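structure_5.csv follows; it contains CSV, C-alpha atoms and all ligand atoms.
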chain,number,residue,atom,x,y,z
L,700,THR,CA,-6.8,3.8,-24.4
L,701,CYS,CA,-3.8,4.3,-22.1
L,702,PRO,CA,-3.5,7.8,-20.4
L,703,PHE,CA,-0.3,9.8,-20.8
L,704,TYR,CA,0.7,9.6,-17.1
L,705,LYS,CA,1.1,5.7,-17.6
L,706,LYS,CA,3.7,6.2,-20.4
L,707,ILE,CA,7.5,6.5,-20.0
L,708,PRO,CA,8.4,8.7,-23.0
L,709,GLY,CA,11.6,7.9,-24.8
L,710,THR,CA,11.1,4.2,-24.0
L,711,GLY,CA,9.1,1.2,-24.9
L,712,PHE,CA,7.6,1.2,-21.3
L,713,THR,CA,4.4,1.6,-19.4
L,714,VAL,CA,3.6,1.4,-15.7
L,715,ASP,CA,0.4,-0.2,-14.2
L,716,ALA,CA,-1.4,-0.2,-17.6
L,717,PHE,CA,-2.9,-3.7,-18.0
L,718,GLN,CA,-6.6,-2.7,-18.8
L,719,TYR,CA,-6.1,-1.0,-22.1
L,720,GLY,CA,-5.5,-4.1,-24.4
L,721,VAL,CA,-2.3,-4.1,-26.5
L,722,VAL,CA,-0.7,-0.7,-25.9
L,723,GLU,CA,0.8,0.5,-29.2
L,724,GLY,CA,4.5,0.4,-29.0
L,725,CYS,CA,4.8,-0.9,-25.4
L,726,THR,CA,7.5,-3.6,-25.3
L,727,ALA,CA,7.6,-4.1,-21.5
L,728,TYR,CA,4.9,-3.7,-18.9
L,729,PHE,CA,6.0,-2.7,-15.4
L,730,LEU,CA,3.8,-3.4,-12.4
L,731,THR,CA,4.5,-1.5,-9.2
L,732,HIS,CA,2.5,-3.5,-6.7
L,733,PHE,CA,-0.3,-6.2,-6.5
L,734,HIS,CA,-3.4,-4.0,-5.9
L,735,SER,CA,-6.3,-4.6,-8.2
L,736,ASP,CA,-6.7,-0.9,-9.6
L,737,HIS,CA,-3.1,-1.4,-10.7
L,738,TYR,CA,-3.0,-5.0,-11.9
L,739,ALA,CA,-6.5,-4.7,-13.6
L,740,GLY,CA,-6.4,-6.8,-16.8
L,741,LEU,CA,-3.6,-9.3,-16.0
L,742,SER,CA,-4.5,-13.1,-16.2
L,743,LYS,CA,-3.1,-16.4,-17.2
L,744,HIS,CA,-3.5,-15.4,-20.9
L,745,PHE,CA,-1.1,-12.4,-20.8
L,746,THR,CA,1.7,-12.9,-23.3
L,747,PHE,CA,4.0,-9.8,-22.9
L,748,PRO,CA,6.9,-9.4,-20.6
L,749,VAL,CA,6.0,-8.1,-17.1
L,750,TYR,CA,8.6,-6.5,-14.9
L,751,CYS,CA,8.1,-6.3,-11.1
L,752,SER,CA,9.5,-7.3,-7.7
L,753,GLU,CA,10.0,-10.9,-6.6
L,754,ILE,CA,7.0,-10.7,-4.2
L,755,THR,CA,4.8,-9.2,-6.9
L,756,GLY,CA,5.9,-12.1,-9.2
L,757,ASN,CA,5.0,-14.7,-6.5
L,758,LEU,CA,1.4,-13.3,-6.5
L,759,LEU,CA,1.2,-13.1,-10.2
L,760,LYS,CA,2.1,-16.7,-10.6
L,761,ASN,CA,0.1,-18.1,-7.7
L,762,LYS,CA,-3.0,-15.8,-7.5
L,763,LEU,CA,-3.7,-14.8,-11.2
L,764,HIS,CA,-1.9,-17.8,-12.8
L,765,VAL,CA,0.3,-15.7,-15.1
L,766,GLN,CA,2.8,-18.1,-16.9
L,767,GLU,CA,6.3,-18.1,-15.5
L,768,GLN,CA,7.9,-17.3,-18.9
L,769,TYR,CA,6.5,-13.8,-19.0
L,770,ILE,CA,7.2,-12.9,-15.3
L,771,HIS,CA,10.5,-11.0,-14.9
L,772,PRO,CA,11.3,-10.5,-11.2
L,773,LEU,CA,14.1,-7.8,-10.4
L,774,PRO,CA,16.1,-7.4,-7.2
L,775,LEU,CA,15.7,-4.1,-5.3
L,776,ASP,CA,18.5,-1.5,-5.1
L,777,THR,CA,20.2,-2.9,-8.1
L,778,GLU,CA,21.1,-1.4,-11.4
L,779,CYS,CA,19.4,-3.6,-14.1
L,780,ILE,CA,19.3,-3.3,-17.9
L,781,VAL,CA,15.8,-3.8,-19.6
L,782,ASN,CA,15.5,-3.5,-23.4
L,783,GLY,CA,18.6,-1.3,-23.4
L,784,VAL,CA,17.6,1.0,-20.6
L,785,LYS,CA,19.0,1.2,-17.1
L,786,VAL,CA,16.4,0.8,-14.3
L,787,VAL,CA,16.4,0.5,-10.5
L,788,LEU,CA,13.6,-0.7,-8.2
L,789,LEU,CA,13.3,0.8,-4.7
L,790,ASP,CA,11.1,0.0,-1.7
L,791,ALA,CA,7.9,2.1,-1.8
L,792,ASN,CA,6.9,1.6,2.0
L,793,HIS,CA,3.4,0.7,0.7
L,794,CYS,CA,2.3,-3.0,0.8
L,795,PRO,CA,4.5,-6.1,0.5
L,796,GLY,CA,6.5,-6.1,-2.8
L,797,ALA,CA,5.5,-2.5,-3.7
L,798,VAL,CA,8.2,-0.6,-5.6
L,799,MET,CA,9.2,2.9,-7.0
L,800,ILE,CA,10.9,2.7,-10.5
L,801,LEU,CA,14.0,4.9,-11.5
L,802,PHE,CA,14.4,5.1,-15.3
L,803,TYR,CA,17.8,6.4,-16.8
L,804,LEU,CA,16.7,7.5,-20.3
L,805,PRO,CA,19.2,7.2,-23.2
L,806,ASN,CA,19.1,11.0,-23.9
L,807,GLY,CA,20.2,11.8,-20.2
L,808,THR,CA,16.7,12.3,-18.6
L,809,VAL,CA,16.1,10.6,-15.3
L,810,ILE,CA,12.5,9.8,-14.2
L,811,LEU,CA,11.2,8.5,-10.8
L,812,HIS,CA,7.7,6.8,-10.8
L,813,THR,CA,6.7,6.4,-7.1
L,814,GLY,CA,4.0,3.9,-7.8
L,815,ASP,CA,1.9,4.0,-4.6
L,816,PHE,CA,4.1,5.2,-1.6
L,817,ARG,CA,4.4,6.4,1.9
L,818,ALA,CA,7.2,8.9,1.8
L,819,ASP,CA,9.9,8.5,4.4
L,820,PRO,CA,13.1,10.2,5.4
L,821,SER,CA,14.9,6.9,4.9
L,822,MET,CA,14.3,7.3,1.1
L,823,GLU,CA,16.8,10.3,1.3
L,824,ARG,CA,19.6,7.6,1.7
L,825,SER,CA,18.5,5.3,-1.1
L,826,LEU,CA,20.2,5.4,-4.5
L,827,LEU,CA,18.1,8.5,-5.0
L,828,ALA,CA,20.7,10.6,-3.2
L,829,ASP,CA,23.3,10.2,-6.0
L,830,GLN,CA,21.8,12.1,-8.9
L,831,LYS,CA,19.2,14.4,-10.3
L,832,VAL,CA,15.7,13.6,-11.2
L,833,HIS,CA,14.0,15.5,-14.0
L,834,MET,CA,10.5,14.1,-13.8
L,835,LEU,CA,8.5,12.8,-10.8
L,836,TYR,CA,5.3,10.7,-11.4
L,837,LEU,CA,3.8,11.2,-7.9
L,838,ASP,CA,1.3,9.3,-5.8
L,839,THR,CA,-0.8,12.3,-4.9
L,840,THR,CA,-3.5,10.3,-3.0
L,841,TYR,CA,-3.5,12.7,0.2
L,842,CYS,CA,-2.1,15.9,-1.4
L,843,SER,CA,-4.0,18.4,0.7
L,844,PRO,CA,-3.1,19.8,4.1
L,845,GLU,CA,-6.2,18.4,5.9
L,846,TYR,CA,-4.7,14.9,5.5
L,847,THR,CA,-2.9,14.3,8.7
L,848,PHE,CA,-2.5,10.9,10.4
L,849,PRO,CA,-0.2,9.3,13.0
L,850,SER,CA,2.9,7.2,12.4
L,851,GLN,CA,2.3,3.5,11.8
L,852,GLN,CA,4.3,2.9,15.1
L,853,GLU,CA,1.7,4.9,17.2
L,854,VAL,CA,-1.3,3.1,15.6
L,855,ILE,CA,0.2,-0.4,16.2
L,856,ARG,CA,0.9,0.7,19.8
L,857,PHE,CA,-2.7,1.6,20.2
L,858,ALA,CA,-4.0,-1.7,18.7
L,859,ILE,CA,-1.6,-3.9,20.8
L,860,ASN,CA,-2.5,-2.2,24.1
L,861,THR,CA,-6.3,-2.2,23.2
L,862,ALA,CA,-6.4,-5.9,22.4
L,863,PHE,CA,-4.1,-7.0,25.3
L,864,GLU,CA,-6.2,-5.1,27.8
L,865,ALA,CA,-9.5,-6.5,26.5
L,866,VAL,CA,-8.6,-10.1,26.4
L,867,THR,CA,-6.7,-10.1,29.7
L,868,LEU,CA,-10.0,-8.7,31.3
L,869,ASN,CA,-12.1,-11.3,29.4
L,870,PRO,CA,-10.2,-14.5,28.3
L,871,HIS,CA,-13.4,-15.5,26.4
L,872,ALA,CA,-13.1,-12.4,24.0
L,873,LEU,CA,-12.3,-12.9,20.3
L,874,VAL,CA,-10.4,-10.4,18.2
L,875,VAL,CA,-11.3,-9.9,14.6
L,876,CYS,CA,-9.4,-7.9,11.9
L,877,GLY,CA,-10.8,-6.8,8.5
L,878,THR,CA,-8.8,-7.1,5.3
L,879,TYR,CA,-9.5,-6.9,1.5
L,880,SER,CA,-6.2,-6.7,-0.3
L,881,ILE,CA,-2.6,-7.1,0.7
L,882,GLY,CA,-0.9,-4.5,2.9
L,883,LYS,CA,-1.4,-3.6,6.6
L,884,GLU,CA,-0.3,-7.1,7.7
L,885,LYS,CA,1.4,-5.6,10.8
L,886,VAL,CA,-2.0,-4.8,12.4
L,887,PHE,CA,-3.1,-8.4,12.7
L,888,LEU,CA,0.5,-9.8,13.2
L,889,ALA,CA,1.3,-7.6,16.2
L,890,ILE,CA,-2.0,-8.2,17.9
L,891,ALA,CA,-1.6,-12.0,17.6
L,892,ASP,CA,2.0,-11.9,18.9
L,893,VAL,CA,1.0,-9.9,22.1
L,894,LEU,CA,-1.9,-12.4,22.7
L,895,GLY,CA,0.4,-15.5,22.1
L,896,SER,CA,-1.9,-16.8,19.3
L,897,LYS,CA,-1.6,-17.5,15.6
L,898,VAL,CA,-3.8,-15.6,13.1
L,899,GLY,CA,-6.6,-17.6,11.7
L,900,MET,CA,-8.0,-17.1,8.2
L,901,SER,CA,-9.6,-18.6,5.1
L,902,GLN,CA,-7.6,-20.8,2.7
L,903,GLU,CA,-7.5,-18.1,0.0
L,904,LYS,CA,-6.1,-15.5,2.4
L,905,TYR,CA,-3.6,-18.0,3.8
L,906,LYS,CA,-2.4,-18.6,0.2
L,907,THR,CA,-2.0,-14.9,-0.5
L,908,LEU,CA,0.1,-14.5,2.7
L,909,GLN,CA,2.3,-17.5,1.8
L,910,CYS,CA,3.6,-15.5,-1.3
L,911,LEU,CA,5.0,-12.5,0.7
L,912,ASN,CA,8.4,-13.9,2.0
L,913,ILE,CA,7.5,-12.8,5.6
L,914,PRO,CA,10.2,-14.5,7.8
L,915,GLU,CA,8.9,-17.2,10.2
L,916,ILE,CA,5.4,-16.9,8.6
L,917,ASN,CA,4.5,-20.6,9.2
L,918,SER,CA,4.8,-19.7,12.9
L,919,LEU,CA,2.4,-16.8,12.6
L,920,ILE,CA,-0.6,-17.9,10.5
L,921,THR,CA,-3.0,-20.9,10.1
L,922,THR,CA,-6.2,-22.2,8.5
L,923,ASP,CA,-7.4,-23.9,11.7
L,924,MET,CA,-9.8,-21.2,13.0
L,925,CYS,CA,-10.6,-23.2,16.1
L,926,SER,CA,-7.0,-23.0,17.4
L,927,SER,CA,-6.5,-19.2,17.0
L,928,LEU,CA,-8.0,-16.2,19.0
L,929,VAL,CA,-7.3,-13.7,16.2
L,930,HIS,CA,-9.4,-14.2,13.1
L,931,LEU,CA,-9.2,-12.3,9.7
L,932,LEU,CA,-12.3,-11.7,7.7
L,933,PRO,CA,-13.3,-9.7,4.6
L,934,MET,CA,-13.6,-6.0,5.4
L,935,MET,CA,-17.3,-6.0,4.3
L,936,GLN,CA,-18.1,-8.3,7.2
L,937,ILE,CA,-16.7,-5.8,9.8
L,938,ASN,CA,-20.1,-4.6,10.9
L,939,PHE,CA,-22.5,-5.6,13.8
L,940,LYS,CA,-24.5,-8.2,11.7
L,941,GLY,CA,-21.4,-9.7,10.1
L,942,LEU,CA,-19.8,-10.1,13.5
L,943,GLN,CA,-22.8,-11.5,15.4
L,944,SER,CA,-23.1,-14.2,12.7
L,945,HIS,CA,-19.4,-15.0,12.8
L,946,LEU,CA,-19.7,-15.3,16.6
L,947,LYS,CA,-22.5,-18.0,16.2
L,948,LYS,CA,-20.0,-20.1,14.2
L,949,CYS,CA,-17.4,-20.2,17.0
L,950,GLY,CA,-19.8,-22.4,18.9
L,951,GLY,CA,-19.9,-20.9,22.4
L,952,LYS,CA,-16.1,-20.6,22.7
L,953,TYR,CA,-16.3,-16.8,22.9
L,954,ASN,CA,-18.8,-14.4,24.4
L,955,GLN,CA,-17.4,-11.0,23.2
L,956,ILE,CA,-15.9,-9.6,19.9
L,957,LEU,CA,-13.4,-6.8,19.7
L,958,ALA,CA,-12.9,-5.9,15.9
L,959,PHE,CA,-10.6,-3.6,14.0
L,960,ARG,CA,-11.2,-1.8,10.6
L,961,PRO,CA,-7.9,-0.4,9.3
L,962,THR,CA,-8.9,2.5,7.0
L,963,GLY,CA,-6.9,5.2,5.3
L,964,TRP,CA,-7.8,8.7,6.5
L,965,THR,CA,-11.2,9.6,8.0
L,966,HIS,CA,-12.5,13.1,9.1
L,967,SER,CA,-12.3,12.1,12.8
L,968,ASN,CA,-8.5,12.7,12.3
L,969,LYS,CA,-9.4,16.5,12.0
L,970,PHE,CA,-10.5,16.5,15.7
L,971,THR,CA,-9.3,13.4,17.5
L,972,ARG,CA,-5.8,12.2,18.6
L,973,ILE,CA,-4.9,8.5,18.3
L,974,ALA,CA,-4.8,8.2,22.1
L,975,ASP,CA,-8.4,9.5,22.2
L,976,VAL,CA,-10.0,7.0,19.8
L,977,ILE,CA,-13.1,5.1,20.9
L,978,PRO,CA,-15.1,2.2,19.4
L,979,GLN,CA,-18.7,1.8,18.2
L,980,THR,CA,-20.4,-0.7,20.4
L,981,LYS,CA,-23.6,-2.8,20.3
L,982,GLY,CA,-24.0,-5.4,23.0
L,983,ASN,CA,-21.0,-7.6,23.4
L,984,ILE,CA,-19.4,-6.3,20.0
L,985,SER,CA,-17.0,-3.3,19.7
L,986,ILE,CA,-15.5,-2.0,16.4
L,987,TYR,CA,-12.5,0.3,16.2
L,988,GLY,CA,-11.7,2.2,13.0
L,989,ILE,CA,-8.0,2.9,13.0
L,990,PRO,CA,-6.1,5.3,10.7
L,991,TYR,CA,-3.3,2.9,9.6
L,992,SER,CA,-2.1,4.5,6.3
L,993,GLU,CA,0.2,3.2,3.5
L,994,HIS,CA,0.1,6.5,1.6
L,995,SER,CA,2.1,9.6,2.3
L,996,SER,CA,0.5,12.2,4.7
L,997,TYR,CA,0.5,15.8,3.1
L,998,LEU,CA,3.5,16.7,5.3
L,999,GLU,CA,5.5,13.5,4.5
L,1000,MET,CA,4.9,14.1,0.7
L,1001,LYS,CA,5.9,17.8,0.9
L,1002,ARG,CA,9.1,16.9,2.7
L,1003,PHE,CA,10.1,14.2,0.0
L,1004,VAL,CA,9.3,16.4,-2.9
L,1005,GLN,CA,11.2,19.4,-1.4
L,1006,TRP,CA,14.2,17.1,-0.8
L,1007,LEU,CA,14.1,15.7,-4.3
L,1008,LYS,CA,13.7,19.0,-6.1
L,1009,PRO,CA,12.3,17.6,-9.4
L,1010,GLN,CA,12.0,19.9,-12.5
L,1011,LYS,CA,8.5,18.7,-13.4
L,1012,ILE,CA,5.8,16.8,-11.4
L,1013,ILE,CA,3.1,14.6,-13.0
L,1014,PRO,CA,0.4,13.4,-10.6
L,1015,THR,CA,-0.9,9.8,-10.8
L,1016,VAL,CA,-3.9,10.0,-8.3
L,1017,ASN,CA,-6.9,12.4,-8.1
L,1018,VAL,CA,-6.4,13.4,-11.7
L,1019,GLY,CA,-10.0,13.2,-13.0
L,1020,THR,CA,-11.3,16.6,-11.8
L,1021,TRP,CA,-10.2,20.1,-12.6
L,1022,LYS,CA,-10.7,21.2,-9.0
L,1023,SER,CA,-8.2,18.5,-7.9
L,1024,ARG,CA,-5.7,19.2,-10.7
L,1025,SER,CA,-5.8,22.9,-9.8
L,1026,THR,CA,-5.3,22.4,-6.1
L,1027,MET,CA,-2.4,20.0,-6.6
L,1028,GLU,CA,-0.6,22.5,-9.0
L,1029,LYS,CA,-0.9,25.3,-6.4
L,1030,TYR,CA,0.8,23.1,-3.7
L,1031,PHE,CA,3.6,22.2,-6.2
L,1032,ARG,CA,4.2,25.9,-6.8
L,1033,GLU,CA,4.2,26.8,-3.1
L,1034,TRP,CA,6.6,24.0,-2.3
L,1035,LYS,CA,8.9,25.0,-5.1
L,1036,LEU,CA,8.9,28.7,-4.0
L,1037,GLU,CA,9.3,27.9,-0.3
L,1038,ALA,CA,12.4,25.6,-1.0
L,1039,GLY,CA,13.8,27.8,-3.8
L,1040,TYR,CA,14.3,25.3,-6.6
E,1101,NI,NI,-1.9,0.6,-3.7
Show this structure as structure tokens.
Ligand code: NI
Amino acid sequence: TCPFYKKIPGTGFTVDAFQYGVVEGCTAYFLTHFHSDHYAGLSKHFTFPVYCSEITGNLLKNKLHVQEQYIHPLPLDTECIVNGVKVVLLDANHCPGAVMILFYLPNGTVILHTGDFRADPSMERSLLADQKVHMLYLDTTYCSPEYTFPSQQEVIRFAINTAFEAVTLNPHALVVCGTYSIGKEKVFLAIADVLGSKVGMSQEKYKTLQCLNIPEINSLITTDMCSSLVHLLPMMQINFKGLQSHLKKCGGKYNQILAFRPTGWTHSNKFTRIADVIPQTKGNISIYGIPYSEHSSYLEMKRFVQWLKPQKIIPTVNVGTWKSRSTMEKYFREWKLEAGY
């Protein structure tokens, strides 16, 4: 059964609720982004209307084979009417095609669902500036002050300079990047670009990347592994066994692997600066874990909320424990008292 925090009251609508069967009274299913915890339950047999971005609709059609007739793509930053209710989609600064949804209820309430997001000051000059939001359904993934990480710009800078140095010292080194869902594409794209190579990958991953409307993509990626010196692999293979094995297959083209695991947050953020990060090494294989996040830091989240000044906040992440729920409610109150709303 569908939880309350996936329901938009006063409407026929749910959000990211595809794993509950037929939801009683839901007449349109919104999907915020193509990550499996959120799409769970969609397939080619789904027969109700789905509303989402263009990119999210490309993946629905090509990867889960949902029939065209039920996919309803919407443009961003545009007032649209759905079953008599005004809605707007906004960039969530998460993975490709990830949106926030504004619902303008018939009775005058305004609701913002962030879906998954990385808060940014640039959202303060979206169509959010123009009016008041009563309810915020918030991605509270890193809602605790210990969650700090660098900007995405600093992390990419670290990865580019690391890879460029290594390969210029040893032209026979191969660079490998771990992946398991969409998002974080900039990690492997920016590395390839500085190395003058295309990114090589399996057919299934190539297909996935072909749905994301990235400009000049055909110039950046390929299925011919032999022609590329940056290879993508499944995240589970980004370990010393997985990498030695993969090196066998390259057939004596390369004598060194430099690999990157893009994670979210890890406790080595409590002590270490991005500049100071070092790999784990075994023989001719080094692995760097790098804190490239697509969720709000605690401070980025706080700023966004204190700008928005919502009347009520409903968390969508970390909701299954009382300790979490209680901790989050305390920060909400602090933030409200500090800013004075
Ligand atoms: Ni996500």
Residue L:827 proximity check over L:992, L:1006, L:859, L:703, using all atoms listed in the file: winner is L:1006
| message | Applying 10 Å and all atoms listed in the file, which residues near residue L:880 remain after dropping the ones on its own chain fewer than 6 positions away? List them as a list in words. | response |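 Residues meeting the cut-off are residues 733, 734, 735, 794, 904, 907, 933 and 934 of chain L.
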note - atom CA of residue L:700 and atom CA of residue L:747 are separated by 17.4 Å
* Find, counting only C-alpha atoms, the residue in L:1004, L:875, L:788, L:974 that gets nearest to residue L:936. =>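 Nearest candidate to residue L:936 out of L:1004, L:875, L:788, L:974: L:875.
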TODO: Find the residues near ligand NI 1101 (chain E). Use a cut-off of 8 Å, count only C-alpha atoms and all ligand atoms, and write them as number ranges by chain.
DONE: L: 732-734, 736-737, 793-794, 814-816, 993
- request: For the point (11.6, 9.4, -14.5) in the file's frame, write as a list in words all residues with an atom no more than 7 Å away, counting all atoms listed in the file.
  value: residues 801, 802, 809, 810, 811, 812, 832, 833, 834 and 835 of chain L
Generate the output file for the selected residues, C-alpha atoms, as a PDB file, keeping the file's coordinate frame.
ATOM      1  CA  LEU L 801      14.000   4.900 -11.500  1.00  0.00           C
ATOM      2  CA  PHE L 802      14.400   5.100 -15.300  1.00  0.00           C
ATOM      3  CA  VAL L 809      16.100  10.600 -15.300  1.00  0.00           C
ATOM      4  CA  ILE L 810      12.500   9.800 -14.200  1.00  0.00           C
ATOM      5  CA  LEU L 811      11.200   8.500 -10.800  1.00  0.00           C
ATOM      6  CA  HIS L 812       7.700   6.800 -10.800  1.00  0.00           C
ATOM      7  CA  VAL L 832      15.700  13.600 -11.200  1.00  0.00           C
ATOM      8  CA  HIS L 833      14.000  15.500 -14.000  1.00  0.00           C
ATOM      9  CA  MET L 834      10.500  14.100 -13.800  1.00  0.00           C
ATOM     10  CA  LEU L 835       8.500  12.800 -10.800  1.00  0.00           C
TER      11      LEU L 835
END
**Request:** Find, counting all atoms listed in the file, the residue in L:808, L:755, L:955, L:985 that gets nearest to residue L:831.
**Result:**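 Among the listed residues, L:808 lies closest to residue L:831.
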Discussion item. Taking 3 positions as the minimum chain separation for residues in the same chain, which residues sit within 10 Å of residue L:978 when counting all atoms listed in the file? Answer as a list in words.
Written reply: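 After dropping sequence-adjacent residues, the list is residues 957, 958, 959, 981, 984, 985, 986, 987, 988 and 989 of chain L.
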In terms of the shortest atom-to-atom distance over only C-alpha atoms, which of L:849, L:720, L:711, L:982 is closest to residue L:996?
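Nearest candidate to residue L:996 out of L:849, L:720, L:711, L:982: L:849.
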Taken to one decimal, the atom CA of residue L:1008-atom CA of residue L:1036 distance is 11.0 Å
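Within the 12 Å cut-off around residue L:925, using only C-alpha atoms and omitting residues fewer than 3 positions from it on the same chain, the listed residues are residues 873, 896, 897, 898, 899, 900, 901, 921, 922, 928, 929, 930, 948, 949, 950, 951, 952 and 953 of chain L.
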TODO: Enumerate, as a PyMOL selection string, the protein, DNA and RNA residues whose atoms approach (-8.4, 9.0, 20.9) to within 12 Å, taking into account only C-alpha atoms and the coordinate frame of the file.
DONE: chain L and resi 849+853-854+857-858+861+967-978+987-990
Handout entry: stretch 760-772 of chain L environment, 8 Å, all atoms listed in the file, sequence neighbours closer than 6 positions dropped, as number ranges by chain
Key = L: 741-753, 907, 910
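When atom CA of residue L:874 is paired with atom CA of residue L:758, their separation reads 27.5 Å.
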Requested in this report: May I ask which of the residues L:825, L:902, L:1015, L:869 is the closest one to residue L:1027, counting all atoms listed in the file?
Outcome: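 Selected residue with least distance to residue L:1027: L:1015.
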